[PDB]
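Reading through the structure tokens given below for one structure.
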Amino acid sequence: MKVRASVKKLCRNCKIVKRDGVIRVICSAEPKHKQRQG
Amino acid sequence: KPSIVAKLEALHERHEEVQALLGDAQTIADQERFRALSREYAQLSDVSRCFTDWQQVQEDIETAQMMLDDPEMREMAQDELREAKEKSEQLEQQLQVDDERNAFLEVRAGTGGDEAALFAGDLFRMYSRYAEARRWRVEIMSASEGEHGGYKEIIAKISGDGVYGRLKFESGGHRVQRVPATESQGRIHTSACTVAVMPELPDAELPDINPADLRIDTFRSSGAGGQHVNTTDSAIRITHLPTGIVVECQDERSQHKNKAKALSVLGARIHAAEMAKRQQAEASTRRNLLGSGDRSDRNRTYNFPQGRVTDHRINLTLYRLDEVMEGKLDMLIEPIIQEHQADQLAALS
Amino acid sequence: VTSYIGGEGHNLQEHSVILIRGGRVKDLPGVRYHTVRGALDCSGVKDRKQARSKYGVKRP
Amino acid sequence: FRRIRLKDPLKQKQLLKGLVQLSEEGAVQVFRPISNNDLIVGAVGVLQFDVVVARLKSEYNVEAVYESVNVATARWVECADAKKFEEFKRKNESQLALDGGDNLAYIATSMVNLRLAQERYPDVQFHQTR
Amino acid sequence: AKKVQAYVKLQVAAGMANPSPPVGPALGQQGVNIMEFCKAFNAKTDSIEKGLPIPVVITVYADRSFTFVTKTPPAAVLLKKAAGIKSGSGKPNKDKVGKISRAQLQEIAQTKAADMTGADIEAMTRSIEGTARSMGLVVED
RNA sequence: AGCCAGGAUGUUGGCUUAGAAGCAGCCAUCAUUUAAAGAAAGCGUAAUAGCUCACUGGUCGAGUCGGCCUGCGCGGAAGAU
Ligand SMILES: [Mg+2]
Ligand SMILES: [Mg+2]
Ligand SMILES: [Mg+2]
Ligand SMILES: [Mg+2]
Ligand SMILES: [Mg+2]
Ligand SMILES: [Zn+2]
Numbered sequence: 001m002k003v004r005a006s007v008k009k010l011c012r013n014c015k016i017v018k019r020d021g022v023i024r025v026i027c028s029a030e031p032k033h034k035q036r037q038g
Numbered sequence: 002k003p004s005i006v007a008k009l010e011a012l013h014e015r016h017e018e019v020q021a022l023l024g025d026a027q028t029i030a031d032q033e034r035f036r037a038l039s040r041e042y043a044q045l046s047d048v049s050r051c052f053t054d055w056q057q058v059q060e061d062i063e064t065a066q067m068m069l070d071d072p073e074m075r076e077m078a079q080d081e082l083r084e085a086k087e088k089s090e091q092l093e094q095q096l097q098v106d107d108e109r110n111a112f113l114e115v116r117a118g119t120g121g122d123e124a125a126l127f128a129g130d131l132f133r134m135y136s137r138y139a140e141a142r143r144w145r146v147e148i149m150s151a152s153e154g155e156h157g158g159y160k161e162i163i164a165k166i167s168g169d170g171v172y173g174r175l176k177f178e179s180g181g182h183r184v185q186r187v188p189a190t191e192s193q194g195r196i197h198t199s200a201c202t203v204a205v206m207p208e209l210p211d212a213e214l215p216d217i218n219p220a221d222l223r224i225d226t227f228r229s230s231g232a233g234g235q236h237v238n239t240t241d242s243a244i245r246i247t248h249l250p251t252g253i254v255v256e257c258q259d260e261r262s263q264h265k266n267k268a269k270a271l272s273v274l275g276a277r278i279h280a281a282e283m284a285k286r287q288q289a290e291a292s293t294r295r296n297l298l299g300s301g302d303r304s305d306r307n308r309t310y311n312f313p314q315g316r317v318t319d320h321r322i323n324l325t326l327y328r329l330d331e332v333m334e335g336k337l338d339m340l341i342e343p344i345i346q347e348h349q350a351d352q353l354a355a356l357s
Numbered sequence: 063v064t065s066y067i068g069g070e071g072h073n074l075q076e077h078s079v080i081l082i083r084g085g086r087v088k089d090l091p092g093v094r095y096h097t098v099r100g101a102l103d104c105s106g107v108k109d110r111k112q113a114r115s116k117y118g119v120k121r122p
Numbered sequence: 398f399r400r401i402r403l404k405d406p407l408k409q410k411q412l413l414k415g416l417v418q419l420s421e422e423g424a425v426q427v428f429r430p431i432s433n434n435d436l437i438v439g440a441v442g443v444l445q446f447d448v449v450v451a452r453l454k455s456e457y458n459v460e461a462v463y464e465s466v467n468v469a470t471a472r473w474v475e476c477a478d479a480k481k482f483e484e485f486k487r488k489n490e491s492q493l494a495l496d497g498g499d500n501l502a503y504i505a506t507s508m509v510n511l512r513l514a515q516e517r518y519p520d521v522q523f524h525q526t527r
Numbered sequence: 002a003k004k005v006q007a008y009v010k011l012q013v014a015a016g017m018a019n020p021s022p023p024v025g026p027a028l029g030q031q032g033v034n035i036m037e038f039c040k041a042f043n044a045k046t047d048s049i050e051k052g053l054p055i056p057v058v059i060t061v062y063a064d065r066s067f068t069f070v071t072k073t074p075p076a077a078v079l080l081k082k083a084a085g086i087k088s089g090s091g092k093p094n095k096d097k098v099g100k101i102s103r104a105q106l107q108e109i110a111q112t113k114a115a116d117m118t119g120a121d122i123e124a125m126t127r128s129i130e131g132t133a134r135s136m137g138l139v140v141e142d
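Have a look at this one:
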């Protein structure tokens with residue numbers, strides 16, 4: 001989980017989702033690719 | 002080839018052993034050992050193949066001679082000439098195979121005094137002629153003339169392609185036995201000279217003042233300054249994390265001037281420490297390479313009464329001193345390099 | 063003290079116990095004793111067929 | 398094998414006697430390679446060596462440290478009938494030895510090295526004495 | 002056919018059994034016997050040539066028993082004896098190492114046409130020629 | 001968009017090194033059977049092996065996928081009675 005001001009898709013399995021007004025990235029392949037915008 | 006044949010026999014035996022060692026699946030499980038053996042196999046295989054060819058040709062030469070009737074001159078002659086050609090190819094191919109940089113050559117007098125200077129001059133002339141008849145370049149940086157004859161110490165730089173790889177075996181002591189010029193009577197005298205050959209290496213220095221590895225402390229100076237020295241942080245201190253040096257400055261009333269001065273002093277101290285380290289390392293290396301001219305520690309001997317030049321490292325004597333003193337010492341350095349290479353292959357365990 | 067190792071070739075090195083006796087080597091300044099060959103950790107001169115008992119070599 | 402070295406080199410008597418008085422009863426064997434000068438120490442397995450070291454430290458008061466050494470198996474070679482044995486004792490002079498009982502020994506370095514070095518030099522190499 | 006079990010194709014010149022690194026440790030870890038190829042493998046070797054690499058299959062079962070089948074020598078080494086060249090490419094466009102005549106290659110394609118594919122013989126000429134321009138050779142008309 | 005199937009042929013290539021075989025790095029990057037398949041986009045082996053993707057047949061059954069000109073909102077956004 002990386003907290004940064006710019007979250008991007010890093011592989012082909014990454015998905016952009018918005019939960020409670022926070023844009024975050026989740027992918028099923030690599031757990032290193034999950035981020036939160038903050 | 003009296004002694005090098007033993008080295009090549011041992012090399013062939015080790016090649017066979019390492020060949021066998023690669024087919025048991027018990028030493029192949031680990032990877033570092035497998036890679037080491039694989040790297041060791043190549044040169045061993047090539048040199049062993051050539052040596053076995055030479056050995057079989059030699060054994061054929063030994064036989065087919067102890068008989069009569071037929072005129073066996075032609076086949077024996079062709080076989081021995083082809084054997085000599087193959088031997089020359091073998092020696093050259095395992096002698097060549106990096107390190108070909110320029111070099112510093114310095115020779116100084118040892119025992120003898122005024123005649124060791126003359127021998128040093130003669131030896132320098134030999135090396136200079138050798139360099140000149142190689143399309144190299146020799147230039148003199150330091151010279152100390154020796155009163156009567158040559159130089160008490162000469163330091164010159166030789167520049168070319170392949171310099172250090174051929175002049176690295178001349179570092180040591182050279183003994184001369186002859187009748188000196190500064191001799192009233194007709195006595196024979198023994199003297200020596202010391203030779204040092206050192207490779208050329210760069211002087212890469214960098215501004216190791218990267219602020220990412222510095223600790224900076226700012227505090228109050230101590231002294232008489234009134235009510236302004238109390239409520240101000242004018243004194244500075246810099247600590248260098250890698251080396252560990254600390255420099256503190258509170259000279260002037262301005263913090264920026266103190267910071268600049270202390271930073272400059274820290275840089276100067278780092279530079280001085282590094283230069284001292286390099287200087288002591290070079291001095292120790294030169295001391296170990298040079299020896300101590302005492303006509304008892306030596307690498308080669310020159311006898312002018314007999315006209316014989318001999319090399320004690322490989323036990324090789326030759327009676328062509330007049331050619332050697334004329335910069336034709338390629339007939340002296342090649343036998344050494346050969347013996348210096350069979351060890352390198354043999355030192356793989 | 064300093065001791066002299068006689069004979070051609072020795073197997074001595076640092077951290078080896080030896081037996082020494084009297085006897086001065088003249089042209090060596092400071093040497094005043096001699097190492098007894100054939101003693102605890104020094105072996106006799108290899109291929110020595112004369113004056114064997116002085117260098118601790120067994121009779122072949 | 399695990400050659401020996403003790404801390405104080407002058408209190409070396411008790412390790413030189415506590416190892417001839419304890420190889421007299423079949424607990425240890427003391428090779429001594431020809432070229433260098435070591436005190437390599439045989440054993441048939443781990444437990445016998447453990448017994449040797451504990452006994453040698455307790456009974457005789459020898460404080461030592463035992464480095465490892467790369468050797469697979471020893472073999473007692475004894476074939477003096479011919480002359481080629483004399484040259485074998487020279488070509489392979491690097492890795493021979495001398496027991497307590499002065500029998501030679503071809504201290505090998507692997508099964509492959511030994512299996513080669515008795516394919517040539519066709520003399521006898523057995524592994525038992527006495 | 003049966004999928005890959007324990008076999009991959011790799012073999013140096015058949016001419017010598019030569020239990021060298023390319024052949025020994027390649028199958029040494031699989032077990033079996035290395036010296037035994039001096040007779041089993043070399044039975045078919047002595048007919049063809051001395052010094053040509055013929056790929057083989059090393060199908061080996063769990064019983065430490067093997068069986069092998071060979072093929073034609075690869076086309077890359079084929080254009081080494083029929084081309085007079087032993088070195089290779091590295092700047093196949095900037096420079097060239099030699100010449101090959103257009104009439105020479107197809108007369109040897111039928112040697113590899115047993116396992117090479119194509120509609121007909123003339124089709125396979127481009128395949129052997131297309132690989133040739135990567136080797137640095139030049140077609141001679 | 002999901003879901004079935006393929007994803008092949010002499011590159012164990014000289015080039016380079018102990019091995020680099022689609023996948024260390026250097027040049028080239030054609031041809032064959034084809035409905036399609038890179039002389040390779042990714043993972044993985046010491047090198048092999050092994051697993052996906054580009055592209056292509058089948059099911060499905062109607063819309064679907066990206067830029068431009070613009071209004072208002074979101075994150076980036078931590079201090080001391
Ligand atoms: Mg919540
Ligand atoms: Mg004042
Ligand atoms: Mg102030
Ligand atoms: Mg805003
Ligand atoms: Mg407040
Ligand atoms: Zn991802």
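Protein chains in written order, with PDB author numbering: chain 8, 1 to 38; chain w, 2 to 98, 106 to 357; chain l, 63 to 122; chain v, 398 to 527; chain J, 2 to 142. Idealized CB from N, CA, C, for every residue including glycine.
Rounded C-alpha distance that separates residue i from residue j
i	j	result
residue 133 (chain J)	residue 101 (chain J)	9 angstroms
residue 392 (chain v)	residue 331 (chain w)	Within the shown structure, residues of chain v are numbered from 398 to 527, placing residue 392 (chain v) beyond reach of any answer.
residue 513 (chain v)	residue 18 (chain w)	8 angstroms
residue 399 (chain v)	residue 468 (chain v)	9 angstroms
residue 6 (chain l)	residue 483 (chain v)	Here chain l has residues from 63 to 122 only, and residue 6 (chain l) is not among them.
residue 124 (chain w)	residue 500 (chain v)	57 angstroms
residue 77 (chain J)	residue 94 (chain J)	18 angstroms
residue 3 (chain w)	residue 323 (chain w)	11 angstroms
Exposure label - residue i; buried when at least 16 CB within 10 Å
i	result
residue 426 (chain v)	buried
residue 309 (chain w)	buried
residue 74 (chain J)	buried
residue 12 (chain 8)	exposed
residue 117 (chain w)	buried
residue 262 (chain w)	exposed
residue 26 (chain J)	buried
residue 471 (chain v)	buried
Test: residue i CB closer than 9 angstroms to a CB of chain w
i	result
residue 30 (chain J)	yes
Beta carbon proximity, residue i to chain v, threshold 9 angstroms
i	result
residue 41 (chain w)	no
residue 25 (chain w)	yes
residue 65 (chain l)	no
residue 79 (chain l)	yes
residue 397 (chain w)	Nothing about residue 397 (chain w) can be read from this structure; chain w reaches only from 2 to 357.
residue 103 (chain l)	yes
Residue i - DSSP class collapsed to helix/strand/coil
i	result
residue 473 (chain v)	strand
residue 207 (chain w)	strand
residue 126 (chain J)	helix
residue 182 (chain w)	strand
residue 156 (chain w)	coil
residue 111 (chain w)	strand
residue 66 (chain l)	strand
residue 69 (chain J)	coil
residue 468 (chain v)	coil
Test: residue i CB closer than 9 angstroms to a CB of chain l
i	result
residue 434 (chain v)	yes
residue 407 (chain v)	yes
Residue-chain proximity (residue i, chain J), Cβ-Cβ < 9 angstroms
i	result
residue 152 (chain w)	no
residue 112 (chain w)	no
residue 29 (chain w)	yes
**Touching by the beta-carbon criterion (3+ pairs, under 8 angstroms), the segment 3 to 18 of chain J and the segment 476 to 494 of chain v** = Under the Cβ criterion (8 angstroms, minimum of three pairs), the segment 3 to 18 of chain J does not count as touching the segment 476 to 494 of chain v.
**Request:** Kindly confirm or deny that the segment 77 to 86 of chain w and the segment 50 to 58 of chain w touch, where touching means at least three C-beta pairs closer than 8 angstroms.
**Result:** These segments touch.
**Message:** Within 8 angstroms, do at least three Cβ pairs link the segment 257 to 272 of chain w to the segment 144 to 151 of chain w?
**Reply:** Put simply, the segment 144 to 151 of chain w does not touch the segment 257 to 272 of chain w. Fewer than three CB pairs are less than 8 angstroms apart.
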